[PDB]
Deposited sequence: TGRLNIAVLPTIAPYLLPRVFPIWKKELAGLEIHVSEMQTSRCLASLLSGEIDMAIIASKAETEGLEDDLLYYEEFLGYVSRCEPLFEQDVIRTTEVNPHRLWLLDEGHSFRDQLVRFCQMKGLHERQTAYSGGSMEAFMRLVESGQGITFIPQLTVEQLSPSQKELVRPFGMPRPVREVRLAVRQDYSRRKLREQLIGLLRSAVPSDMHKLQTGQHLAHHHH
């Protein structure tokens, strides 16, 4: 059997290094092909039958499509040494200068969700991060990247103040996805690839 799984561009770099070795082991001999695509293409590709499963960061909200919770993940500030905020320890929404702020394009759920809760187009998170580490402005990253960060990269992280926003990362498939056993096991491996505390919302956190 072959398995076609899409993943968001803002999830893949941080989740995939973790799940690859688990897949390798618990799903031995299953040939899996991974594809990065934004959310709407994911929904569209599930429906068309191009992909089997989708790791996205919201509820599908469309007939034919069902999604299960996998884990919650916070939004974290990434602040350059020459910003006034650098000297504070948590991000203050109100003090953030929007002319010095790197945001992804509309259509990335990561950006859509952050703008609700609270110069350079087409940007990647890689680009924004490199800019901040060299003194240029502020961007936002997902919690799961800090574990990949060097100790001096870690010095630039600033969490939000309570209430701290989280996005929910979910697995999506077609309602009548024929392979109900595979789908459940996966929900099992993916949830297993991240810390257990993330499996549950927490006081101070709110979607």
In sequence order, the deposited-sequence ranges that have no modelled C-alpha atom: 1, 120 to 129, 219 to 223
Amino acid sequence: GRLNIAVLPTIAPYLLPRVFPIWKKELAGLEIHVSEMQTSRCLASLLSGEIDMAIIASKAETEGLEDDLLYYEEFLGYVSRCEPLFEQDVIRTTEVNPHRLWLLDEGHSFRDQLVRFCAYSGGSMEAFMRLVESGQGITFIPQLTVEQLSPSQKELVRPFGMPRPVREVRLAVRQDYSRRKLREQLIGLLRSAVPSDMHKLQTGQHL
From here on, numbers count along this sequence of modelled residues.
Selected stretch [higher average CA B-factor]: 132 to 140 or 87 to 95: 87 to 95
Mean temperature factor over C-alpha atoms, higher-scoring stretch between 25 to 33 and 141 to 149: 25 to 33
Where the record places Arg183 (Cα B-factor, split into thirds across the chain): highest
Chain thirds of CA B-factor: placement of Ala44: middle
Third of the chain, ranked by Cα B-factor, where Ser196 sits: highest
B-factor third for the C-alpha atom of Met125 within its chain: lowest
Within-chain third of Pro163 by Cα B-factor, per the entry: middle
